[PDB]
Structures are given as C-alpha cells and as structure tokens.
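Peer 1: Let me begin by handing over the structure; questions about it come next.
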Amino acid sequence: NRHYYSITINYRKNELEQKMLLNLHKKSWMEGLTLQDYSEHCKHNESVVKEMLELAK
Amino acid sequence: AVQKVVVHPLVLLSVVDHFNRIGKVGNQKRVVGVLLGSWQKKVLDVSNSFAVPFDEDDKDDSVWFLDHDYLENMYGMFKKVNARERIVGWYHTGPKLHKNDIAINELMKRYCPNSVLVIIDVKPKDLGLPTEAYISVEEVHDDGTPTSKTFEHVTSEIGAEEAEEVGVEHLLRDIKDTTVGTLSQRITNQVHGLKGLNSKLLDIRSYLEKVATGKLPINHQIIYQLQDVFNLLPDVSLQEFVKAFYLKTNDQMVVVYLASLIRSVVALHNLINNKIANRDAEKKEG
Amino acid sequence: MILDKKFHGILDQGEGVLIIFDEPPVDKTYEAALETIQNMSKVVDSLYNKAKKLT
C-alpha cells in the first residue's frame, strides 16, 4: 500500500440497458416462441421423469 | 448449410451503444453495423462487432452509403489484434425490411462471403426474441418468378461462453437463475399465455388484413401449408387419450402419495419438538 | 406353464379365446407400497413418543 493506493468503483445503468439487457437475458433463458419446450417436459414426465421418480423414491 | 447460429449479447449492447452515441440529432435511422463472427464451423458464433457510418435519403430508398477503407482498416486492425474472428455479415436496427437491403447486402455478397442478416427493434418493447438470422441465399420459386435474393429465417440463440454470463449476472443482480420448483415454473405457466397471445394476436390481425386487402404476391403458396398444419389437429375427440389421462393422473396420484407421506414424515420433528421443548422449557423456566 | 409364469397368456374352455398381455410398470407399486409400510412404523412410533410424553 505504500506509494500505491486505489479508488472506489460504482456502476450506472439506464432504462434501455435495463429493459434491453434484462429482457435479453430472460429471453436468453427462455424459448423462441416460449411454447416449444413446455410440452417436451410435459410429455417427458411420462417417459424420462418416471425414472427420476423411481430413483427419487 | 447452416442450421443454427449463436449471437452473444455483446453486439446487442453495442446496439445500445448505437443508441447511446447518437448525440440527440433527430435522425435515429437504421444504422448499419458490420457483424463479425466465426464462419469456419457449421454453427455461427458472434463474438464482437463494430459499425460504419451509414446514411440514407429521406425520399429515395435506393440511397445507401458504405465505406471500404474504414471496413478494411477496422477489420485489418481487429484481425491484427485478434485473427480468430473474421467478417461474416452485417445487421441493421430498423424494424422494417426495405427494398434497398438487397443492394446493401449485395456489397458484402460480392466482397465478403454469404452474409447473414439480423433484424432487430429500436425499442425493446417486443416480448419476442429480438434476433432473427436471415440467410442471404437465392431460392427457386415454383410460380415462375425470376430468381431473387430470399431471406430465410434461421433459428438463433442468445448464449454467453465464459465471462459475459458473470458480467450480466453481476450488473443485473435482479434476474434469477433456473431455480427449478414453484416460482420459476408457475411464472412461465402464468405469463406463457400472454407470450403466445401477443405474438399470435399481433400477427393474425395484419394477416387477416392482408388476406382481403393484399396484392403484390406475398407467397400465397405457403398459406396452404399454414392452414394445412392448422388443420392437422381437427379437434380430436380424446377417445384414445383417456387411458393417457389415466396414466398422467396415476402419476398425479403418485405425487399425492409422495406429498402426503413425505410431509407426514416432516411433521415428526415439528410435532415432537413442539411438545418436548415447550413442556420442558415451561417446567424448567421457574 | 401359465401357472408357472414362463410367458404371457391364458387359456379358455367355453370360447377358446387366447389373450396375451403384460404390465411393464412393476417398480411403481412396489416402491410405493414399501414407502407406505415403512411410513406406518414412522407414524406409529411418533404416536408412541407423543403417547409416552403425554400420558
């Protein structure tokens, strides 16, 4: 620390970054039409999840 | 040729910079940026990009202004600092596809390889995915129309490899992770009907408008496949699926027994400590 | 041999109708019934601790 110090750091975010990046990340965790991969798991509950339910038991 | 593409949020935040460095002049036109990526592998991966001064005319749409020296200098220096990424295409921020885009894209079709096109929105009010990969390839039409540039929709995904996930997660501190369970599932199961309602409701109105009030052939041939696939589910009588409802409802019964039995096991420590702690603390308090 | 359960089938005398069927999900009712039987001792032992601490 002698002859060598530091300074604080803060951030800033406007509404365009908040909504564009927020909706962009939510969409990055969502689907294209948002209705595609739902029935995949709804119908995988009868095929694949049954193994996870038996192992869960 | 290309089945899917990968677009990092860095280029869209560079479109946020496109909306930042405007300077409040009053133009806010479709600023064209030079999209960069990795065309080597079959999948397309955008890492970063840059921009070029692009200005059009008010009345005449066929006016477009690009630059070759700025493209070769920014691409030359960018290739000198990072040679793992090369030119692939471009992208415009305008919500509407103008006719001049064949001439704007034609320059990067001549000098550069086959360029992919991405249409986004100037205002992030659209709930749908803002990125749409449109490949610039010429397709043969069955009606006999001359061969022209056709923009076919290629599926796209927004993912980050190593660091941008950490930076976005730290800058937001509001979004949640996968978090399988009650909330992340029930939110999708609540708002999904609006997620399809705004899309379908937003599309079929202008669609039905262009049905009767439409000309300049809009490729009516694909409408036959549209209504065909729409009529591929002719309100099934559910007669055969009854046993499937018995199977899924039997799994529902399994979840009933698991919930009741397991929660009944959880009631042990609560319904024991509630007595042994209260009566002993009470009898030993004084 | 059907009483020996070597394959799936059943005979008939009045009509002579042959029917072949199977029940794949065997591991569900076994684990469920074992969870019920094992949890019976849990609830009964709970009633033994509470019945012991109360009366």
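No value in this document is a laboratory result; all are computed from the given coordinates. All Cβ positions, even for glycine, are placed from backbone atoms using ideal geometry, and neighbour counts span all protein chains on display.
Peer 1: Once you've got the GNM for chain B with C-alpha springs shorter than 10 Å, pick whichever of B:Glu209, B:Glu152, B:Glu139 has the biggest mean-square fluctuation.
Peer 2: Of B:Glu209, B:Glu152, B:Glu139, the Gaussian network model singles out B:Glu209 as fluctuating most.
Peer 1: Loop-only check: which trypsin sites (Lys or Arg not before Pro) in the stretch C:1-40 are DSSP coil with at most 16 other Cβ within 10 angstrom? Each step should come with its number before you reach the end.
Peer 2: Values: sites: C:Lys5, C:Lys6, C:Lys28; in loops: C:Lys5, C:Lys6.
Counting only loop positions with at most 16 other Cβ atoms within 10 Å, the trypsin sites (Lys or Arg not before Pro) in the stretch C:1-40 are C:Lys5, C:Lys6.
Peer 1: Any idea which of B:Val16, B:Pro113, B:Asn219 is furthest toward the positive side of the dipole for chain B, if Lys and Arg beta-carbons carry +1 and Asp and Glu beta-carbons -1?
Peer 2: Checked the options; the winner is B:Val16.
Peer 1: Where does chain B land on the Kirkwood hydrodynamic radius, alpha-carbon pairs, in angstrom? Intermediate values should be presented prior to the final figure.
Peer 2: On the way: mean 1/r = 0.0408 Å⁻¹.
It works out to 24.5 Å.
Peer 1: Something else about it: Given H placed 1.01 Å from N in the peptide plane, which residues other than close sequence neighbours of B:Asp45 have an amide H under 5 Å from its amide H?
Peer 2: B:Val6, B:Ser38
Peer 1: Further question: Summarise the partner chain shielding of C:27-38 as one whole number: the mean count of Cβ atoms from other chains within 10 Å of each residue's Cβ. Kindly include the intermediate steps, with their values, before the conclusion.
Peer 2: Values: counts 5, 7, 1, 2, 6, 7, 1, 1, 6, 2, 0, 2.
So the per-residue partner count for this stretch is 3.
Peer 1: Still on this structure: Whole-Hz ³J(HN,Hα) for each residue in the stretch B:159-164, computed from phi via Karplus 6.51 cos²θ - 1.76 cosθ + 1.60 with θ = phi - 60°, x for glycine and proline: what do you get?
Peer 2: In residue order, the calculated couplings are x, 10, 7, 10, 9, 5 Hz.
Peer 1: Spin-label point model (7 Å from Cα, Cβ direction): what's the B:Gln221 to C:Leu3 distance in nm?
Peer 2: Roughly 7.1 nm, to one decimal.
Peer 1: Continuing with this model, one more query. Assuming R0 = 51 Å, can you tell me the calculated FRET efficiency for the pair B:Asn20 and A:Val49, based on Cβ-Cβ distance, to the nearest 0.05? All intermediate terms of the calculation are to be shown ahead of the outcome.
Peer 2: On the way: r = 46 Å, r/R0 = 0.91.
The formula returns an efficiency of 0.65 here.
Peer 1: Just the ratio, please: alpha-carbon radius of gyration of chain A over 2.2 N^0.38 Å, N its number of residues. Before the final figure, lay out each step's value.
Peer 2: Values: Rg = 22.8 Å, N = 57, 2.2 N^0.38 = 10.2 Å.
Taking N as the residue count of chain A, the ratio is 2.23.
Peer 1: Normalised by the number of residues in chain B, what is the relative contact order in percent for Cα pairs under 8 Å and 6+ residues apart? Display every interim value, and only then the final one.
Peer 2: On the way: 281 pairs, mean separation 38.5, N = 286.
13 percent.
Peer 1: Would you grab the residues whose amide H sits under 5 Å from the one on B:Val137? Only those 5+ places off in sequence or on another chain, please, with H modelled 1.01 Å from N.
Peer 2: So B:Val137 has HN proximity to B:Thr150, B:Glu152.
Peer 1: Please work out how much length the chain gains when fully extended from B:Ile276 to B:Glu161, using 0.36 nm per residue of separation minus the C-alpha to C-alpha distance, in nm with one decimal. Spell out each step's value before the answer.
Peer 2: On the way: separation 115, 0.36 × 115 = 41.40 nm, distance 5.37 nm.
Full-extension gain reported as 36.0 nm.
Peer 1: Of B:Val63, B:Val116, B:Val88, which is the most mobile in a GNM of chain B whose springs link Cα atoms less than 10 angstrom apart?
Peer 2: Most flexible of the set in this elastic network: B:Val63.
Peer 1: What is the calculated FRET efficiency for B:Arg84 to C:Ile20, with r their C-beta to C-beta distance and R₀ = 56 Å, to the nearest 0.05?
Peer 2: Numbers: r = 62 Å, r/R0 = 1.11.
Between B:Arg84 and C:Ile20 the formula returns 0.35.
Peer 1: Right, another one. To make sure I understand the rule: partners must be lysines, Cα under 26 Å from the Cα of A:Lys57, and not fewer than 8 residues away in the same chain. Which ones qualify?
Peer 2: Filter leaves A:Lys43, B:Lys243, B:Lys248, C:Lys28, C:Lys42.
Peer 1: Label-point separation (nm) for B:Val52 and B:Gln190, each offset 7 Å from Cα along Cα-to-Cβ?
Peer 2: Going by the 7 Å Cα→Cβ label model, 4.8 nm.
Peer 1: Then there's this: Which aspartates and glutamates, if any, have their Cα less than 16 Å from the Cα of B:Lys4, not counting same-chain residues under 8 positions apart?
Peer 2: Partners found: A:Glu31, B:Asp45, B:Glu132, B:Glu152, B:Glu157.
Peer 1: Write out the trypsin sites (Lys or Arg not before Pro) in the stretch B:1-88 meeting two conditions: DSSP loop, and at most 12 other Cβ atoms within 10 Å of their Cβ. If you can, show how the numbers build up before the last one.
Peer 2: Numbers: sites: B:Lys4, B:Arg21, B:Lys24, B:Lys29, B:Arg30, B:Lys41, B:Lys42, B:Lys59, B:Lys79, B:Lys80, B:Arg84, B:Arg86; in loops: B:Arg21, B:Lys24, B:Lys29, B:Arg30, B:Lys41, B:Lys42, B:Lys59, B:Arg84.
Taking the stretch B:1-88 and a limit of 12 other Cβ atoms within 10 Å, the loop trypsin sites (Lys or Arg not before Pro) found are B:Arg21, B:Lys24, B:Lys41, B:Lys42, B:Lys59, B:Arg84.
Peer 1: Near the amide H of B:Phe50, under 5 Å away, which other amide H atoms are found, from residues 5 or more places off or on another chain, if H is placed in the peptide plane?
Peer 2: B:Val34, B:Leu36
Peer 1: How far apart, in nanometres, would the label points at B:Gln252 and B:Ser38 be if each is projected 7 angstrom from Cα along the Cα-to-Cβ direction?
Peer 2: The modelled label-to-label distance comes out at 4.7 nm.
Peer 1: Then there is this: Between helix B:183-212 and chain B, what is the angle of the helix's C-alpha long axis to the longest principal axis, kept within 0 to 90° and rounded to the nearest 10?
Peer 2: Roughly 40 degrees between the two axes.
Peer 1: Next question. Against the longest principal axis of chain B, how steep is helix B:69-81, in degrees 0 to 90 to the nearest 10, with axes from Cα atoms?
Peer 2: 50
Peer 1: Taking Cα atoms of the stretch B:3-87, Rg/Rh with Kirkwood Rh, to two decimals?
Peer 2: On the way: Rg = 14.6 Å, Rh = 14.5 Å.
Here the Rg-to-Rh quotient is 1.01.
Peer 1: Counting just the Cα atoms, what span does chain C cover along each of its three principal axes? Round to the nearest Å and put the largest first.
Peer 2: So the three principal-axis extents are 65, 23, 17 Å.
Peer 1: So, one more: To the nearest 500 deg cm²/dmol, what mean residue ellipticity at 222 nm is calculated for chain B from DSSP H runs of n ≥ 4 alone, each contributing -39,500 (n - 2.57), summed and divided by the residues?
Peer 2: Working: 7 runs with 124 residues, N = 286.
It comes out at -14500 deg cm²/dmol, rounded to the nearest 500.
Peer 1: Still on this structure, I have one more. What's the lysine pair count for the stretch B:128-210 at a Cα cut-off below 24 Å, pairs eight or more apart or interchain? The partial results should precede the final answer.
Peer 2: Numbers: B:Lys149/B:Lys210; B:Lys176/B:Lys195; B:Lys195/B:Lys210; B:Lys200/B:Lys210.
Close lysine pairs under the 24 Å cut-off: 4.
Peer 1: Where in the stretch B:87-186 are there chymotrypsin sites (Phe, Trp or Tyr not before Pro) that are in a DSSP coil and have at most 16 other Cβ atoms within 10 angstrom of their Cβ? Present the calculation step by step, with values, prior to reporting the outcome.
Peer 2: Numbers: sites: B:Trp90, B:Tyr91, B:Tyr111, B:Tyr134, B:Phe151; in loops: B:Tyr111.
Sparse-neighbourhood loop chymotrypsin sites (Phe, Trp or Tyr not before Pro): B:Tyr111.
Peer 1: In vacuo Debye scattering of the protein assembly as shown, one point per C-alpha: log10 I(q)/I(0) at q = 0.07, 0.13 Å⁻¹?
Peer 2: -0.60, -1.26
Peer 1: Once phi is turned into θ = phi - 60°, what whole-Hz ³J(HN,Hα) does the Karplus curve with 6.51, -1.76 and 1.60 give for every residue of the stretch B:93-102, x standing for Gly and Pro?
Peer 2: Coupling constants for the stretch B:93-102: 8, x, x, 10, 8, 8, 6, 5, 5, 6 Hz.
Peer 1: Under 27 Å from the Cα of B:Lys24, which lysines turn up, not counting those fewer than eight places away in the same chain?
Peer 2: A:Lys13, A:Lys19, B:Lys59, B:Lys96, B:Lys123, B:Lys125
Peer 1: Give me a comma-separated list of calculated 3J(HN,Hα) values for the stretch B:41-51, in order, Karplus coefficients 6.51, -1.76, 1.60 applied at θ = phi - 60°, integers in Hz, x for any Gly or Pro.
Peer 2: 6, 4, 7, 9, 10, 7, 9, 8, 7, 8, 10
Peer 1: To the nearest 10 degrees, how steeply does helix B:242-283 sit against the main Cα axis of chain B, on a 0 to 90 scale?
Peer 2: Computed tilt is about 50 degrees.
Peer 1: Cut-off 10 angstrom, C-alpha nodes, Gaussian network model of chain B. Which of B:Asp57, B:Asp69, B:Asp177 fluctuates the most?
Peer 2: B:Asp177
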